[PDB]
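Engineer: Got a structure for you, questions after.
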Protein chains: 6
Amino acid sequence: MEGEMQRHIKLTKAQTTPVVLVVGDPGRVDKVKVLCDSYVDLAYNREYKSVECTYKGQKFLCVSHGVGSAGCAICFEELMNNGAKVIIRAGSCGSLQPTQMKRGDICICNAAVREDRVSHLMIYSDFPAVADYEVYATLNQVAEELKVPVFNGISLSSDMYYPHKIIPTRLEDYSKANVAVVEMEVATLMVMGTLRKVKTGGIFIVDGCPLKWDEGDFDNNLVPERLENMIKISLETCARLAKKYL
Amino acid sequence: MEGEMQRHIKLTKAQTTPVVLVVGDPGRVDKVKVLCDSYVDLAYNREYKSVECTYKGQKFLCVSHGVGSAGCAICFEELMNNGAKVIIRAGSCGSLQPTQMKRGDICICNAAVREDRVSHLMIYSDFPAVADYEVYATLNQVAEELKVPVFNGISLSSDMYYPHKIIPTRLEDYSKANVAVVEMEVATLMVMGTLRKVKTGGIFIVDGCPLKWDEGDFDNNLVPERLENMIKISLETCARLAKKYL
Amino acid sequence: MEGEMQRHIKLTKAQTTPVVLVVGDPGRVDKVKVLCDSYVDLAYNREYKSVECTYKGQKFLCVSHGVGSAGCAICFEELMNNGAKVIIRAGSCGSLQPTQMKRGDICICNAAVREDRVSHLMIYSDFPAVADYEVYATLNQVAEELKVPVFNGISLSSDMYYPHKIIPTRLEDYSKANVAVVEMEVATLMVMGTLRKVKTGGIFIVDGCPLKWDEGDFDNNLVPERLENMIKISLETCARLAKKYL
Amino acid sequence: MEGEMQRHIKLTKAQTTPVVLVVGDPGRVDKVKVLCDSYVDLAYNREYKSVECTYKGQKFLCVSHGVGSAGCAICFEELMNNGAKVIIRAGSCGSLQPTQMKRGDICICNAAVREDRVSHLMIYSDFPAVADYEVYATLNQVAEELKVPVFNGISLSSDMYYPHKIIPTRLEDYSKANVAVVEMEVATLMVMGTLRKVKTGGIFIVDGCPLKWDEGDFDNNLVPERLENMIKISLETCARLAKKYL
Amino acid sequence: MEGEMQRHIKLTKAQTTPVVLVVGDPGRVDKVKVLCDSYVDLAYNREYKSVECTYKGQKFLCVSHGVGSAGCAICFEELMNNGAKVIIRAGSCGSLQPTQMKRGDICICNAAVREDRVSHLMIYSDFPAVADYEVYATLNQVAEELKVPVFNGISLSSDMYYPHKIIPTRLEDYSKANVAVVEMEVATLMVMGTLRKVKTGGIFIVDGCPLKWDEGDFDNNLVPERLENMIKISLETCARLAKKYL
Amino acid sequence: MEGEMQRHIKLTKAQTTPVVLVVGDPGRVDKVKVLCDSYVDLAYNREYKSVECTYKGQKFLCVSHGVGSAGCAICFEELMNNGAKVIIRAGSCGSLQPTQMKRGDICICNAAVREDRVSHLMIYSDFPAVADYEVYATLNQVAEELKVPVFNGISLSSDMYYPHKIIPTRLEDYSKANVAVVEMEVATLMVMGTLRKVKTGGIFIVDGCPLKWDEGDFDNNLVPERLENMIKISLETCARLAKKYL
């Protein structure tokens, strides 16, 4: 008898909770778990590190997915294979509204620009990348109760981090179209969610200013403390939803 | 001195309320207005019929936009030109989930498939067609308070009503992708909304079964009564939002 | 026993003549009909107003189709469903050759740029939007006999009326490509025509200068008189063709 | 002092008539010229063979362009560079309506499907490939006077002659869309014509049945005699138009 | 004074050798390094694990890049930022020629299908994904000297691992087009290489049969021994090239 | 009994050697053949002129294909139909690296940009246009032995020779992407090769400076002597490969 695991994340159905918090950095999993009530280390294969969190009485996984849409898609498909019903991406982003949203600001995302490939391999470009509206609402509610100021908006999910010389990026064009922030994974998660009837959402902390003006600190110590707040919102939200899902 | 009107809808800024309810049929405007507390007929040009509704103490317009994305886009741009802050499309749709959603069922829509052209003339296909999440939430809340059962889902907004022989439609493909309903305008409204910082949403009554099995009654007497309920939700929602917008 | 009607235009086969004149504005139907020998009001549903014209001994319909490709496509499919053999669009346009074609000038169109969606839902982009060459020839002949000066050229049929900020329109690019005028429907009509073996064409009066320089009068009183001439050419052409079609 | 020639066809402005008949096969130039009143051999470089025809009192060139859109485009650009005002393609095609149009039948073409690349390098796919309507009308008129039965229709201009195994051709799809015939050059000519204000058209003899059923004779002796008729129509048309162009 | 590192891989220019071997699995770095003469652990951040290999007298890095095109692109851009002149991807693949290439077989790749997004964000789809031909030649030469049988061919680089229900994958289509193997990263590497004047190539071991028939062993213990051979070829090749690059 | 020929090139299987040298200009065939040991004129139909070369003891064809991708594709498909195993394109090109590669310089090409249509009619754009690496290697080896300096690089294969006014060419963009040279046929050959398991490659002499600066001599006397060298490399390479293929 074997524990029958998913190929890449190496988790079984039985280890997989209804609710899963996903992060990009495997190093983020260890930081998240220290803020929980208790945890159980599960698996660490490739970039896919898995813990069971207990937080505010509730069990849910935290799982790292790596950088970028194709790599994270493998994580997300395998979690959904294992029965996940709710997946929330918690991460860093760049601000596309640099006068309004600065380093440290937190953005809760209802939808995303699909500048990947894998979503297009699932379904036609016309199809919207959209959060589940209960998951989005819950993140907002929790942030309000914790008195943590948040922005809401669309994310640009772009497979390109480093620009080349020949053709422009769409960072400015999407800023003009009122897209809030930019990162690399949430469109892929949202589309796959809708397609597989798994509820998804996204919360992000601004740690990058890819347009222009401002700041610092270089990174990824992100920012402290504003970072803690975003993680707490994430954990509180995951707990509230795992209650729905017993 | 002239009252300075928008070219097609023939309304002035001063006549345009923060909240506007949009319908496809100019004949629907007259049906909506009879369910209000009071109304003022405004203008009727081309397919664009305009009334000011008073309902539950609040003023907001009801405006017809005609069939199809390019024609309704003219309506919507001109309303936004005049200062509309909230536009809600209330209409008929076909069911893409015919085992689950039948004639008479009401669907409140958070997002849409962009099978138009004009949204693509505004912004790249990758960009999501998405409702404002406050508008979506308010429609749901009102429906719950009125004890009217509702579905939630994505709409396919397709410029094609009558299929041709050569290439398939994507009606089945989008059904498989868990798209709830199909109509012809809401993607165009949602994208333009996001682009112009105008809050939008969509509520629809199933009056068509474009896949296959079922029913009737032919149309558009729609259905009575279930129709009344959808209109009431619309009107109640518009009132609740116009309160926010004094 | 019912008179079995098309869903949107509400006309029966028996009411539908071989030749149909289509206009955008339902208000235009009433203006056209006053210039005929006699008429019979048929139906008025949504933006679709229908009259039978008698002009110079011949019977043919005048039918309004509303603004924009998806809405007019419903009109045109339903007319073709009812046996129409010839459909001519008579309308307003903008000049893309503003030094050459001014307000009041009339353009008879042999082909169009397909900047819609619905034609692309019928057939691949490579396929030409083209008038029937008998219909085009007849409009020219009638104009010559009536000593009304006309231009000939390609129309840009664009689903976008109001530009957005992010991506350019192709109005200038198509001007450089020697496209004469711009409107919103005739490409859709032409493609559907070819596909369904229905003869089509387009005549337009310049009432807009969307590039730049010039003029006036704002609109849509169009222009008088030059407007009358375009309508007369339309009516004379429809009569000449209905003779072919007894 | 040099006679300043175009790079590929090696003709000067002074040698280039307002009207030019173009054929694919350089061997066709020699066959055409024997049916004229008199000729002057001009140049033969690469696949580009050039003669001045005199026919029915009028001078015009016959020029070979080779097989396929990119090669013929070089011919056509260089002729237009030299002042050609009218270019007519006279050639062979396959029947896409094999019940209606058989080997030997002649088709006069008003428009074409753009299944090339070079037209797309000139202008967006939405733009129609269309004959000048005077050139099309003249071919028809001449055929009628010569009592030669002709078909009229759209041509599929396809860069692919030999199909591969992986993706289908659009031969059947375009047959279903009522495209008459298939060849390899006329879309490219038509678009370039419109773009450069040069009047174009196409007449073709069915020598191929690429769908299926029928026939023979293998080719390219084409067919005799029906072939002569198509060439005569071509020559007569070229003469009639060169008269317009003194 | 800081050692100035690349953001994600956390390596400095001074730590970065002209030649770099890239692998997907950070666990593969530890397996590679045990087969070298000596090593120096450098950095481990996110999925990016870095060692300096010494093998056969020569120094070159081995660096993990994670699963999938967008994540690995960050690795590759940062290595090129640091002066890498040669990057070779050594990994696992699936066989697209399952009668010819089986589990354990090794394929040296000269080119790839670009089924990513990020390469398309760099340059137009028309642009070829191609290995440097010296790097490809060297891998072949080394394999021949080591008497290790190898296949040569094109790789399909696909961002999709798990298929969805709505639209087909192109795995079969590309098999029919004589594509050898399928993996997820090498197209992205090849294009970026050409664009930045960095020499690239790919060697892969078949550990997957995504079409159909065959086998086993499940994975990723890959296969032993055939795996060792592929790694040895990789290491020998890297050494031979680092000699060129002192 | 007939010698059963391919439709356009008019060659039989028995006349077709394993190795074929292809040139654009039928006039080039006569120039090539004079540099061989002996030849046999085979066929001359349309732009397709065919000779059997004997050079350095070996037999292989030289065949002209005309200008441009669709016309040459017919040549290449028919040669492959007849059993050709190796086809090498030898021709002229323009320099896209005008500081580095000048008139007279010779470029041996491993890959190409697919700016045709016919390759896209065979297979999806993502698929690479790539030379066989043995053919590429052999051209290089022969050039080295003959002490003829050569460049190596990617070719832009573009169906457009004469630019139009509306949309830019990609000549500069591809120069920035490190594409070496530009011509009109080799991408089409490479893709078809891979698809049909026929080994291909390309060698070119710079006779054009389509960017800008420089030179002369106008053309196509190309250049002497540097031209002879490129032809000799071609012939030597063809001989070396025909030896492999007895």
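In the structure tokens, each chain is lettered A, B, ... as it comes, each chain's residues begin at 1, and ligands are numbered from 1 in order of appearance.
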Can you list, as an MDAnalysis selection string, every protein, DNA or RNA residue that comes within 8 Å of residue 230 (chain D) when you count only C-alpha atoms, leaving out same-chain residues fewer than 2 positions away?

Structural biologist: chainID D and resid 90 106 203:205 226:228 232:234

Engineer: So that I have them on file, write out the residues from the current selection with N, CA and C atoms, as a PDB file, in the first residue's frame.

Structural biologist:
```pdb
ATOM      1  N   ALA D  90      -5.230  37.069 -66.260  1.00  0.00           N
ATOM      2  CA  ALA D  90      -5.897  36.053 -67.044  1.00  0.00           C
ATOM      3  C   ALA D  90      -5.209  34.718 -66.810  1.00  0.00           C
ATOM      4  N   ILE D 106     -15.512  29.308 -67.880  1.00  0.00           N
ATOM      5  CA  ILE D 106     -14.751  30.513 -67.615  1.00  0.00           C
ATOM      6  C   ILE D 106     -15.408  31.331 -66.506  1.00  0.00           C
ATOM      7  N   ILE D 203      -9.906  37.084 -64.902  1.00  0.00           N
ATOM      8  CA  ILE D 203     -10.682  36.099 -65.640  1.00  0.00           C
ATOM      9  C   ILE D 203      -9.910  34.783 -65.706  1.00  0.00           C
ATOM     10  N   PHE D 204     -10.627  33.688 -65.531  1.00  0.00           N
ATOM     11  CA  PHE D 204      -9.967  32.396 -65.312  1.00  0.00           C
ATOM     12  C   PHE D 204     -10.688  31.311 -66.078  1.00  0.00           C
ATOM     13  N   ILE D 205      -9.940  30.286 -66.502  1.00  0.00           N
ATOM     14  CA  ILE D 205     -10.530  29.088 -67.115  1.00  0.00           C
ATOM     15  C   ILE D 205     -10.312  27.895 -66.199  1.00  0.00           C
ATOM     16  N   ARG D 226     -11.947  26.687 -75.675  1.00  0.00           N
ATOM     17  CA  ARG D 226     -12.436  27.394 -74.492  1.00  0.00           C
ATOM     18  C   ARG D 226     -11.325  28.285 -73.969  1.00  0.00           C
ATOM     19  N   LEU D 227     -10.094  27.773 -74.002  1.00  0.00           N
ATOM     20  CA  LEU D 227      -8.924  28.582 -73.681  1.00  0.00           C
ATOM     21  C   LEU D 227      -8.793  29.791 -74.614  1.00  0.00           C
ATOM     22  N   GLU D 228      -8.934  29.557 -75.917  1.00  0.00           N
ATOM     23  CA  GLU D 228      -8.886  30.633 -76.913  1.00  0.00           C
ATOM     24  C   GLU D 228      -9.904  31.742 -76.637  1.00  0.00           C
ATOM     25  N   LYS D 232      -9.290  35.562 -75.878  1.00  0.00           N
ATOM     26  CA  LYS D 232      -9.935  36.591 -76.711  1.00  0.00           C
ATOM     27  C   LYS D 232     -10.704  37.630 -75.899  1.00  0.00           C
ATOM     28  N   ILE D 233     -11.409  37.150 -74.877  1.00  0.00           N
ATOM     29  CA  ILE D 233     -12.168  38.059 -74.011  1.00  0.00           C
ATOM     30  C   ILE D 233     -11.182  39.014 -73.349  1.00  0.00           C
ATOM     31  N   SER D 234     -10.100  38.441 -72.812  1.00  0.00           N
ATOM     32  CA  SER D 234      -9.007  39.174 -72.198  1.00  0.00           C
ATOM     33  C   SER D 234      -8.436  40.245 -73.100  1.00  0.00           C
TER      34      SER D 234
END
```

Engineer: Report as a PyMOL selection string all protein, DNA and RNA residues lying within 7 Å of region 113-115 of chain B, evaluated on only C-alpha atoms, omitting residues in the same chain fewer than 6 positions from it.

Structural biologist: (chain A and resi 126-128) or (chain B and resi 129+155-159+187)

Engineer: From the options B:223, B:150, B:189, B:109, which residue's atoms come nearest to chain A, counting only C-alpha atoms?

Structural biologist: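 Closest to chain A, using only C-alpha atoms: B:109.
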
Engineer: Which chain A residues are at most 10 Å from chain F (counting only C-alpha atoms), as a PDB file with C-alpha atoms, in the first residue's frame?

Structural biologist:
```pdb
ATOM      1  CA  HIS A 164      13.391  42.963 -24.368  1.00  0.00           C
ATOM      2  CA  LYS A 165      14.334  45.643 -26.892  1.00  0.00           C
ATOM      3  CA  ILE A 166      12.160  44.980 -29.911  1.00  0.00           C
ATOM      4  CA  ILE A 167       8.514  45.088 -28.859  1.00  0.00           C
TER       5      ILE A 167
END
```

Engineer: Between A:91, A:193, A:153, A:71, which one has atoms that come closest to residue 29 (chain A), using only C-alpha atoms?

Structural biologist: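 Closest to residue 29 (chain A) of all the choices is A:91.
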
Engineer: Give the helix (DSSP H, G or I) residues of region 64-200 of chain D, as assigned by DSSP on the backbone, as a ChimeraX atom specification.

Structural biologist: /D:69-81,118-122,133-145,171-176,186-196

Engineer: Find the distance between CA of residue 135 (chain F) and CA of residue 199 (chain F) and write it in Å to one decimal.

Structural biologist: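 Between CA of residue 135 (chain F) and CA of residue 199 (chain F) the gap is 6.9 Å.
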
Engineer: Please identify the strand (DSSP E or B) residues within chain E (assignment by DSSP from backbone atoms) and present them as an MDAnalysis selection string.

Structural biologist: chainID E and resid 19:23 38:45 48:55 58:64 86:95 106:115 129:130 151:158 181:183 199:208

Engineer: Quick one, how far is CA of residue 132 (chain D) from CA of residue 149 (chain C)?

Structural biologist: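 Between these atoms lies a distance of 19.2 Å.
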